[PDB]
Each structure stands twice: as structure tokens, then as C-alpha cells.
Undergrad: 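Take a look at the following structure, please.
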Amino acid sequence: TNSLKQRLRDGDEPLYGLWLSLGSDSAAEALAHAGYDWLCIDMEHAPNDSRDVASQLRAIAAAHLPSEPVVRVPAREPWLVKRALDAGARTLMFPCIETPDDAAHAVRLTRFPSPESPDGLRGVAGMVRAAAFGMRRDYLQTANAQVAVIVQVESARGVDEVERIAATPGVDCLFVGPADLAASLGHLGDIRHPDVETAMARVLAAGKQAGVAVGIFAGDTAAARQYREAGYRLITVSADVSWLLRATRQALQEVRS
Amino acid sequence: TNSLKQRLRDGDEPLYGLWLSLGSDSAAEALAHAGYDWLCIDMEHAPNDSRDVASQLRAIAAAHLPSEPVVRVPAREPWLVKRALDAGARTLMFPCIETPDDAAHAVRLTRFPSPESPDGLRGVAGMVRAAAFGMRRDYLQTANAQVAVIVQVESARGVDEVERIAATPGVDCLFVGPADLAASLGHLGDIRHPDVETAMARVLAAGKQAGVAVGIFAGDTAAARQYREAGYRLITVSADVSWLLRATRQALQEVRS
Amino acid sequence: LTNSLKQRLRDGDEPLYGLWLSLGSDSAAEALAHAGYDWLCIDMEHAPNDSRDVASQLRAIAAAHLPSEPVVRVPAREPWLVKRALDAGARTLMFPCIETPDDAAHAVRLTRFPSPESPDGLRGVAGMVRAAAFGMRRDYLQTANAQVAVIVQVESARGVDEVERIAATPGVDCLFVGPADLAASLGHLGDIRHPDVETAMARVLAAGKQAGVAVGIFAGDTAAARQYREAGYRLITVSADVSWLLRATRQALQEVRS
Amino acid sequence: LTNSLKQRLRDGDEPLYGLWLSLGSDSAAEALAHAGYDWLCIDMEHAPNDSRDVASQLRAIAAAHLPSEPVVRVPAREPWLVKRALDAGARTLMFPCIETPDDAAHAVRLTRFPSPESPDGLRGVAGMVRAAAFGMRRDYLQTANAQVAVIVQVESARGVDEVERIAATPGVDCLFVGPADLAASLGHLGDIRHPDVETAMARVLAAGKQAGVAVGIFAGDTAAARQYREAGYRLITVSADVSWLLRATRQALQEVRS
Amino acid sequence: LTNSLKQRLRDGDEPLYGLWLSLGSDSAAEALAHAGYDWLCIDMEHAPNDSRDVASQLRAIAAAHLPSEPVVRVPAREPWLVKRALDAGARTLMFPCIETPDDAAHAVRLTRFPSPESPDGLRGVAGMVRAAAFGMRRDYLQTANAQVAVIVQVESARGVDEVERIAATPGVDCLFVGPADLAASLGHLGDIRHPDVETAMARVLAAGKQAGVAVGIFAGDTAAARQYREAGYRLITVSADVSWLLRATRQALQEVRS
Amino acid sequence: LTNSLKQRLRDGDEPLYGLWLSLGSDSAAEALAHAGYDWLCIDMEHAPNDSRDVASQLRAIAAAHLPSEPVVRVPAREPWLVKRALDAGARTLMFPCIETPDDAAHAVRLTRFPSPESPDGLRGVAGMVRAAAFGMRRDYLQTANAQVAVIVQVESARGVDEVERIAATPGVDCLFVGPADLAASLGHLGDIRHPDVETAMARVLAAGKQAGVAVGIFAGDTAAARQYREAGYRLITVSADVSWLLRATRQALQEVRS
């Protein structure tokens, strides 16, 4: 029972996340006590390889609390997706989804072939972490239903195709990364440029009209509340390293003042 | 001398192996004492990256016993095959081999360009582990003769094309993973389904006809024995973690009965 | 919240079955957390498990969300090593080489915060460690002592002579026999069935029974484990991960070849 | 080149603000090296940092090329552990559980090459280690002793009783109060504001003022750190990395939800 | 702290001497940072250096506070791998097997943020990575591109044939010859002195001179390195860490035994 | 099955040349296993090698399948540290800081299982450790002692004063001189050629010869190693991995720039 997937598909309340960039088992376990709905282990812009991902998923699970792990893969390469699923990640985020075919392919990589999903490309291996090392031979009958797919729309081409992307069966969430979108649209460093705001609004309306959840990365709490008020549901409230630096610098300023 | 390569070519005797899924140096070393003809460090469905492969190869080698290491690479990407070979793996298994072009390419990646292999794609670097850090002077002239290539046939297309794949120069062994093949054929988790069994029978017959050893992954000793009687040669007797779990759970129920 | 291994050791009469973890592997620990054992022992004395390895194996076992209770055997009775294991969240500790009731009492002190029930406690206070949920268990200090269990390994001839007084040491929750080291210290290296070794072991078990303190033992095989169960040992180790791995893989090879 | 923490501890009157590093993270260490603190503490006592973690965290802090001075709290006053910290390039060491002037003097000796100014120095020579730039720092044997700072933690009743004599030990550069352990040791586990604890902490602070030795303290929050600064403490820890991370993220979640 | 390798590559005739780092060792890397080389290459293609190793070796070199410029050879021109190396702080990248001007242009684009100076840039943005001082370098997006340098390896017949156009690609700071790979590719495996190979090499060198683009090369020994310096190559690798280690320890044994 | 270093130390007259491994690198260890040395020292005292690093480097050396014998210098004479090094499969141990014949005997005891041959052995028993081929060596306990060798380091005035009695201690296979630590301890830091230091060294060397015990020494260069061989030292270290790496790479640079 992938509860994050259930809430994305069947809820209307926001789901608050933290980005995990530090690659620290202790930081992941500590933050599994922070009360967030989800936590993202980034492989794309943080140096988390397969063993780091399995270690951090273990550290989160060890807290025995409700936060759902998400893994952002570095790319839509079959072997990389295979590693994250085998490690036990049940919600994956794919960067640079530009076309409906990119999105369909991402979804196929997460699906065991079934009548449910005819053309699936997910590989079978019964001794991996995800199959409790062989102790759930029932694994293969349920897994397809519990794997969530989040696609990142971060380019002009992807925004133009976003309605087709959102209509792809198996796309559970569209995710907006404002800084990459802004750069890609010719507006490096300026996420509130009207071209960028127009593109983000279009992703949000497309999700709403397709009945597909929309997520977004927020750099701070003020922006996160704006995105909530606007209708985004999967809201990242910035990142571990960013909070660590803000908080320790603020404390120092206070003592010195 | 790669003795697994030599016995795959000249022998009729079966060659028994064990799958190493745990990623543990200690388990690899211990199991190097177990009497197996070969041991497989899996990079596809276990989280073994280049340093993990080098550490397990050292751990097996440290035992000073006859077990031949096999490395299954995550995918047919040049850079990955390059890492495996440089680390000193001399018998490589390729997943997802579907066409004779795929098989030819796998072989090309493992060969330095020579008159015997004019289209070899293996990159030259003299200081790597495989060259004893520069101490094996004649490394470039002796390497190609000691590399073995095992191609895994795991799709309907691979099975369709299996006669052409087996005829490919350089292919030392055809490897059947019944679980993957059953998924691919629309019988997820049902390796006993008769279309699965016909597909496996066809790969085996292809090998006998080509004079190419056939390998297979067995989940239990009964199946391993069936395969041996059928003519499979390179037989995996399940996986480290599967034996570890069976034996510890059986011992517990014996004690407590 | 509750160390169920401690509670069962002190309150129950039933056997508690364990497996020794020597391989130092997170995946192996997580896999074995599905094997049904009452406890699993991460060994720091005779396996190369240092503090980060202990924490990573604890996490790996906890991640299975199943009932096995981890036990840590520390390398030696040094304050800094005991601190490392407790801070990492191990709540049941095994101490090697306990030979006198002073040794046993010291081992206990090292596991206790100074408090009314343990005024001589020597455990160092740090609120941000893994054992305190990184600061989130705000009453960690007031509630930790009650959940820490101490197992003393009795494995020498002096220890056997002192075993009734070791058993009566407050805070000793289990007496553990390692027959291999016991046989070696009594002059019978490699011979755990020498009658003098069997006599020593019988004494330790009897001391436990008379004191109402659980006795444990490392069994090298299943026949042994059953003999020990029948004799009244409670905390019974059914050999070790690496031993089962070798035995089962070697057995499978023979079967396939026969 | 110059240990500026030692320099300012000896020569200056200003507070020197620090942060505890308990996460054991290279990236967290490098990031925090950009935060403006005077010092950063890699804890080996109450966090799982062994020798290679200390080296990699030292390297991470150094790679920022900024003023923060690393401090390493050793697990215990054992010669081999002190050696590991010094060889890795830690130039300011903190020693837990210092209770007697002899304990203090021993800690100092472990950090000193035997030399005219330190005839009983016990630091071991090994010219190939990181601290000696692998042999490239040719004046290392002449320059090292003067750049090593020794901080002694006073955190027991006995230590407080001897604090004036500890403070007078040559080579003691700072007396550091851990209020949590000191409170426990005085029978007030969990209550650092009890009057008996306050009196003990004030005695440590007076002892340093009187000896001309800087005094340090661990603060749980900024209001307490400011009270300490006003009282005359100089080496003031502004809580821990993990503490700030948890507080910040939890406060952020409530803001977003409210 | 400007990229001085890019600066010196863009200008003048001076040789720039380097060492290949294959051992994958933080300690070796920091030690070699003291050896006086202009640059040091962390190889990901033919040594087992993954993202965390690259970051750890970059930290280790940085910790020495000395002038050597790190270079990272990526395993392939796959966007995710290039992203990893840039986010880890690598400012000079070497790309293997560049064969066409389109390959070279693509390699360059992967390293640049999209900006007025580079409107076709494809480098992706993440503000919290090590290259951005984890968000503390406020002007990073506007200053990064100017300090990133690109070395393209020419090691195939096809690359040789296109070399003048590769050289003309904006953003190619250096054409690097690997003779071993080139010789293999030209059907002369193991024989870098065959005249077909020397011709090919001479052509790459003439192309760079004519264009004012620095040419680099791997030398296996000092005789070779000198021959290449005299011929006009600027970015000269003086063999590899492991090769010098083996050579020196083997010759020292011979001297002590003779 | 034969510790050839132990046999040659006890029965040979030939020199036994070694190399100090301080880099902590598996690849460097395996490469150096090809360089032709009699012995290779994995240092745990003055390099950051903990138990897993020792096992990794032992594997890496063994993987070469060549004749070099590994030696491990333990950090200290502590039962748990010795257990870790022996259990890992090290068969020759060097102990630092041996000052008295009681020290030396204790060290020997720590390496021996209690057998008829060594009834006072203190080595704790474990049958499934790497040294026991994970339990495949079913007579490991009964046969391990005969292949375990002990090297004691003499590095203080007290040790030199007691060197005749140390050398007479059963089970001491080699007296090892570290000139740098000896010099420091005798009041001559950095001055290994002072007459006091040369006089002490001569006495250690004479004591070994008289007793029929091999004498070892650490040499910083080949000319010193040659002098020591001429004086009658047998177990001769030809400096360290990192020192050769730096000398060789720096020499290469000099030769290319000249």
C-alpha cells in the first residue's frame, strides 16, 4: 500500500516534502521525525548512487513513521531505474520529460509486463530488497499497482506538450522545478519572469484539467504557501542543506547581536 | 588463463555456480571456499558498482581457490563494460541480448582492436587492475584470448533470433533466466507455463546445435538437477541470500519443534 | 518504547532464539530480520563491526518492521565503546570476558545514567544521538535506564567460580555461556564436550536457575541447540549467519552433483 | 598555519562561537564551513566519527578556505586515539571527563613532542602523516607543539572540586563545561538550572577567570548562549547541526500549514 | 579563486605539467597536491572513481591550499555524468573520444548555463550543490561559466580527420592526444611509434598551433614527456600516480639489494 | 599455510626487505604486492587503518598471489585490538612501545590461543573468523599459534635498558627499532644521528645478535637501508609508500622541466 500514490490520486490536501541533498543516513533518519508527508532522495543533482539510496531508504524506514520516500533518478536509463526499484523505492521522479513518448517510456520502465500493462519493461529478480530478499514470492502480483511515477516538466518543449504528457496513463504527478524551467526558457536565475510564470501556470492548469496532481519545488515557506493557495499539491519546502545553513546562520546572528 | 572459458569450450561437464546478490566482501570470500566452479557478482539486480566489483574480485582471489568470477554488467554501455574489464573481470554476462547485432556489439566492447578482432572497441589503458597496474607487460597481446562473453536471452525477440545470436563469433555461452523470460512472455512469476518451457527448450537446442554452452538460473536443487539432465552446462544453484534465508529459517523450526 | 527482549528475559520462562551476525552486511541483516528469530546479535568482538557498521545494521534490521530484537556484543568493557553502542540505539548489550562480580557491576554502571535507582551510573549524557531520536525523544534521559538490558558472558574458570555472585549482581539480566572460549580457558581448547567443560557449563546454568536469571548459550548446531533448550537454557543462539551460509551452499552443491 | 583558535583563546577577550558536528557528514561539514562560525567540533565521543571520518571532515572544512577552526573531541584519553586525531591534522583537541590535575597534565603530554619546553611530551613522531603534510612540512617538529590547543571538559563533581588545580595545569588552553553531564553527576539528571548545578558552573567560570584560562560551554539555544556570553564565557557552542536541522524544518512545516 | 588552468591554456607558450590520479585515494591526492604539478587528473573513465570519490578527491586536493588545478575525465558524454562532475565542483573537464565538431560543441554546451554569453547552454540548475558553495555563493549562476574549461580527447581516425573543425569549436580549450588509444584505433595496438600514428599525432598538434589552441598529451615516462615538450605540446601528463609508485619502490629495492 | 616471514626471521641470516603502507589504499596495496618485497606493513598506529581497512588491504595483497608477507602494526597492546588484527588474518603483528620483558610476554600471550604449547595464551576464541577461512578451517584453533609471529618495537630509554630481557622473552621473533621515536624519547627529537641515539641502537642490535633474535629497523632512504644491512639489521623497512610516491613524482617533474 503506497500511501503517497493513494493520496496523489485520491486526495485534495497538500503533501509537504523535504529535498534530501546531503546524502547522509543520519540526516535522513532525523528528518523522518520532522512530520513531512514525503522525503526526496535526489540522484540527479546530489551524489547519491545505488548503495546510498538503499542506505537512506533503510534509515527512513527505521524511524517507523509515515513519511514516504521519493527517489529522483538521474536519467531515464533502464539500468538506473532498475536499481532504484530493486532498492525498494516505490515512488520515482524522472527529470527532463519533454514528450508524451518520454513519459510513456518512463512508465513502461516501472511496469512488469501484465494484461494491466502489456508493453512493460520492468525486470524480474526475486532476491532483491523490494521482494523482501525472496520472502514475498507474492511480490510480482501486487507491485505494479503500488509504483508511483512523477514526471518533471522543465523545458519549453515539455510545457508545449504538457497536456499529452498529463494524459499518459501511469503519470501520477507533474512536477515543476522553477529554476530549471526558468533557465531553459532563457531566463536563468529569474523564476518570476512572466514567461516563466506563464509556463508554470500552464503546467498547473494541465494537471487540473487531466485530474493529475501537480508538484513544485519551493525555495522558502512564503513561496510554498503561495503555491498551496494556487492549487499545487506535492509541495517541496526546500532542502535539508538549505534549512541547515539558514538556521545555523540565524542562530549565530542572534547570539552576536 | 581463464579456465571457465576453456571448460565452456572443450568440456561437456556441467559448471556449477552461485549468485552473489548481497554485495558483501566477506560473503564473497567465504563462498570462494564452498567448492563452486563459478561465482557471479551481479551489477544489474544488485547494487554493485565499480569499487564493489573490484573489492569482491579481490576477496574471491584472496581465497586462492578455483572459483572463476563472472560479472553481469548493468547494461551494454561502453563505460560500464570498460569499468568491469579494467577491474579484472574476464568473464562478462550481458543482460537483454535480443539480436545478433546486440551480441556482436557486446563482443566488440570486450576486444582490443587486433588482427583477430579488427573491429574491437575495448579502450586501452595500461595502468589498470586487469594489467596488474602495468606489471603484465604483454597485457595488450594476451588479453583478448582470456575474455569470455555470456549473452542472456530473456525476451521473445531474443528467443526468435537465438540461432543467429548463437552463431555470433565470440559468444561463449547463452544464458537463460527463466523468471525474466516468463515476464517478457506474459507469464509473470510462472516459469512452469508451457510457452515459457518451449522458449527455454529452444535456447538450449540452439546452443547444442552451435556448439555453444547453455547456462541457466535455478531457484532450487531439484530444478538444477532437471537442468543438468536436460543438457544445460553453466548452472546457477540459486543465490547467496536465498540459501542464507532457507537454512536459517529451517534451523529455527527444527530447534523449536 | 519497550525493550521486549529485556521484559521476556526477566519475566518469562520461554526460550528466546537468536542468530549471530558475523558477515557485517546491511543486506544480510535486513534479510535475516525476516527469518523469525527473537533476537539478532551484531558482534563487535569477533567481527569487524565498528560504530558506523553497528548503526547501519541496526537501521537495516529496523527497516524490516518485524519483531527481532537486536543485541550488540561490544569488543571490551571500555566506557567509550559502550557509549558508542548505546548512543547508536542498541538497548541490549553483551559484555565479553566477565569474570568477577566487580566486572559485572562495572558493566552495568557503564549502561546507566546517574539516577535514584542507579546513583553510581556512568553513562554520559548527550540528547542529540540516534538513541534519543536525535533530540525528538524529549524524556530520553528519564526513560532510557529502564529499557537497557545487560548480558554478561561467563567464559573463564575464575568467572565460573564467581558465577553465583555474578548472577546476584543487580542489573545482570542474563548469563551467557560461550562454550568454545570456556573450553579454552579451562585448558580444553577445541573440546567443548570434555567433562570438566560440561561441569563448568552445568554450574553456570544452575546458578542462573537458582538466582532467577536467564541463561544463554551459543549453539554450534541444531542438535546442540535442542539439548540446551531441553536443559533449560533460555537465550539460545542457533549458530551464525556465515556458518549457515557455508553449510547450506555446500549441501546444495553436493545434492545437485549426486 | 597558525592555529588562530589557540591564538585568540590565549590573547583575546572576545567570544568564539561554535557549532557541534554530530551528523558525520562531509557535505554538512563543508557547507557549515561557510556559515561564519569561529569553530566547528567533530565529535568522536557522542557521535560515530572514527579516524577516516575525522580526516574526511577535516578535509571538507579545509576545502572551503574560510576561517572556521576545527575542534576534535576525542572519545577518551587513550594514547592511540589521541595519536589518530593529531596525525589526521586536528590541532585543537577536546578531552572529555577530565577530573584531576593529573588527568589534565596527561592529556597535555599526549599532544606534545618531547622537547625542551615539554620534556615529558609523549607525542609520537611519524613524518609521513597528514599533519606533517606527508613529509613535505619540513619544520613540523619545531612548529607543531606551539600550534596544538588542549580543551578540558569539566563535567563531574570531582572535576569541579579540583577545577582550580586543573586550571593551573600548564598547557590547558580552555576549560569547557558540559552542563548536561555535570547536572547528571551532581544528582540532577535533566535539570541544568538546579541551583547546585548553577553554583558548580559558576565555580568553573571563576576558576578560569582567575587562572587567565578561557572558559567554554555547550548551549542548547540562543537565549542561553547569550546569557553565557554576558556571564563571561568565551568558547560558546551554539547547539548542534542536527538540532538546528530538525528545529528549522519542523518550524517551516508549521508555517506552511498554518 | 579563478580557474588558472583555463586562463593559462587560453594564452602563451608555457608547458603545463600534470599527473594522472588512478589510485582513487584521498590521501594520495592530497599528498600529490604538494608535488608542484600544474594540474592533477581524477580519471573516471579508466579508474573506478564515481561521484562521491570525485568529490572526496577534489576536497582532498583543495585542503592542501596549493596551486594545482584538478581536471576530471568523465566516463562518457552522458548528460547525467557531466552534471555529477560539475555539481561536485570540477571546473575543468576532459571528454573522451570526441570525433566530430558536433561532439565537441555538445560537450561544451553541457558545461554552460544558458545565458547571454552562451544562449545554447544545457547545464542544469541546482542551487544547493557543492559547486555553488551549497547556496552560499550568491552570484554563482552569473560567474560559473567563465571559469569552466573543456578538454576534448582526440583518439580516433575520424577525430584526426575532423581536427581542424574540432579546434575551431568555440569553448574547446585544449585538444588532448592519448597515443595508446589513437594507435589502437589506427590499427596499431601497442605501437605508438608506427609512422601512421606519429603522422596522426603531428596533425593534431599542427592544427592546435595554427589555431592557437593548446594541445595536450599523455606521456608514460620522462623521456617521452621531454620529447613532447620539445615538439610543442603544452598540457603534458607526466605519467600516473601508480606508475611512479611502482617504479620508485622497485628501483629502491634494487638499490638496497645490489 | 606457512608464515614464511616467521620462519625466515627465526632461522635465516638473510635480510628481509619491506615497505610501510601508510596510504590506506587497496589499489596501492595490490600494486605494491607486485614490487618484490619480502614484507608489507599495514600500519594501524600512525595511519588511519581500522579493522575493515586491514581486512581490505590483506585481501588486496593476497589477490596478487605473490610472495610478500603482510605485517600489521597494532595501535596498542589492548586485547580487543589484537583480536581484530588476528581475526582479520594478519599472521605477523608489530607492537609499539614495548618497554619491559613483562610488556613483551603480555603481547606474545595476547597472540596465542591457550594450548599445551602455550598454556598461558590469552587470545579469545572464535572459529568463524576470516583467519579461520570463515569456519572451513576446522582445526584453526588447534593449529593457529604455530604461524603467528611477534615483532616488538623498542623506542624508549626504558626499553633499551631492558632490551636483553625483552629479547630473551619466548615468542619474541624480532626487535624493531624506530629511530625517530627512539631519538625523541632520549631527548634528541629530530636528531637520529646523536651519539646517545646511535649508542642505544647499537645496544638493541647487539642484544638481538646475542639472543639469536632478528633485529629490524625503519630506514628513510636506500643509503640508510644499505648502512643498516651492513651493520647487521635483518628486517629492514625501505621507507614508505607515500614517501616514494612524492620523491618519484617530484623527481619526474624536475627532470622534465630542466
Side-chain angles (χ1 to χ4, degrees), chain A residues 13-39 46-48 52 56 59 67 218-228 232 235-257, chain D residues 14-40 47-49 53 57 60 68 219-230 233 236-258:
Chain A
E13 74 299 335
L15 301 163
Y16 298 103
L18 284 178
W19 211 257
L20 307 174
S21 291
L22 288 167
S24 165
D25 287 353
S26 55
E29 187 173 16
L31 289 170
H33 290 86
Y36 285 76
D37 301 297
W38 58 286
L39 297 178
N48 283 309
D52 307 312
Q56 284 167 76
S67 306
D220 58 71
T221 70
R225 293 173 63 76
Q226 287 164 337
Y227 301 148
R228 178 191 38 171
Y232 291 89
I235 296 172
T236 319
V237 186
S238 186
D240 54 4
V241 68
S242 313
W243 287 119
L244 178 56
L245 273 169
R246 285 183 233 163
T248 60
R249 294 179 70 253
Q250 178 60 32
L252 185 54
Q253 185 184 298
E254 285 165 16
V255 306
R256 282 196 155 121
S257 62
Chain D
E14 82 277 18
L16 299 160
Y17 293 109
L19 180 77
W20 219 249
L21 307 188
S22 77
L23 287 167
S25 167
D26 289 344
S27 60
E30 193 174 8
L32 289 168
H34 296 259
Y37 280 81
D38 300 303
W39 58 283
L40 299 168
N49 288 304
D53 310 308
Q57 280 167 78
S68 292
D221 54 78
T222 66
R226 290 173 62 77
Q227 284 173 334
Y228 304 151
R229 170 185 52 161
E230 287 153 20
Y233 290 89
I236 296 172
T237 315
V238 192
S239 188
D241 54 356
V242 73
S243 308
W244 293 114
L245 183 52
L246 270 165
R247 287 170 202 135
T249 52
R250 291 181 61 89
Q251 179 186 55
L253 184 53
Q254 185 47 30
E255 285 171 27
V256 176
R257 270 165 173 167
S258 64

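Proteins get letters first, then strands, A, B, ... in listed order; numbering begins at 1 in each.
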Undergrad: Between D:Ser27, D:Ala47, D:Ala223, D:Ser22, which has the largest tally of heavy atom pairs under 4.5 Å with chain A?
TA: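 Option with the greatest count: D:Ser27.
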Undergrad: Heavy-atom cut-off 4.5 Å, strictly under: side chain, backbone, both or neither for D:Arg247 against chain A?
TA: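 Neither the backbone nor the side chain of D:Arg247 comes within 4.5 Å of chain A.
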Undergrad: Of all the heavy-atom pairs spanning A:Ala34 and D:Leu253, show the shortest one and how long it is.
TA: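 Taking A:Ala34 first and D:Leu253 second, the nearest heavy atoms are O-CD2, 3.7 Å.
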Undergrad: Counting only heavy atoms not in D:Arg226 (residues, nucleotides, ligands), do more than 12 fall under 6.0 Å from its CZ?
TA: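 Yes - once you tally the heavy atoms of other residues, nucleotides and ligands closer than 6.0 Å, there are more than 12.
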Undergrad: Between A:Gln253 and A:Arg249, is the side chain to side chain contact (heavy atoms under 4.5 Å, CB included) condition met? List the steps.
TA: CA-CA 6 Å; A:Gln253 185 184 298; A:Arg249 294 179 70 253; over 6 Å; no
Undergrad: Measuring heavy-atom distances to chain D, does A:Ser24 have an atom under 4.5 Å in its side chain, in its backbone, in both, or in neither?
TA: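 It is the side chain, since no backbone atom gets that close.
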Undergrad: To the nearest 0.5 Å, tell me how far A:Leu20 CG sits from A:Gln56 CD.
TA: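 It comes to 6.5 Å.
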Undergrad: Counting only heavy atoms closer than 4.5 Å, note whether D:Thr249 contacts chain A via side chain, backbone, both or neither.
TA: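 Both parts, backbone and side chain.
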Undergrad: In Å, rounded to the nearest 0.5 Å, how long is the span from CG of A:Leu245 to CH2 of D:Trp244?
TA: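 Separation between the atoms: 14.0 Å.
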Undergrad: Is it the backbone or the side chain of A:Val255 that comes under 4.5 Å from a heavy atom of chain D, or both, or neither?
TA: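 Both parts, heavy atoms under 4.5 Å.
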Undergrad: Given heavy-atom pairs under 4.5 angstrom as the criterion, report whether the side chain, backbone, both or neither of D:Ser258 touches chain A.
TA: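 It is both, since atoms from each part get that close.
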Undergrad: Report the distance from atom CG of A:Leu31 to atom CG of A:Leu244, rounding to the nearest 0.5 Å.
TA: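 Atom-to-atom, A:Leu31:CG and A:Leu244:CG are 9.5 Å apart.
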Undergrad: Flag the one option from A:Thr221, A:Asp240, A:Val241, A:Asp25 with the top tally of heavy-atom pairs under 4.5 Å to chain D.
TA: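 Counting heavy-atom pairs under 4.5 Å, the top option is A:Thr221.
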Undergrad: Is D:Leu23 in contact with chain A via its backbone, its side chain, both, or neither, using a 4.5 Å heavy-atom distance?
TA: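 Interface part for D:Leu23: both.
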Undergrad: Do A:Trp38 side-chain atoms and A:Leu15 backbone N/O form a donor-acceptor pair below 3.5 Å?
TA: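 Looks like yes, one N/O pair under 3.5 Å.
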Undergrad: Check each atom of D:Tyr37 against the heavy atoms of chain A and say whether the ones under 4.5 Å are side chain, backbone, both or neither.
TA: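 Contact with chain A: backbone and side chain both.
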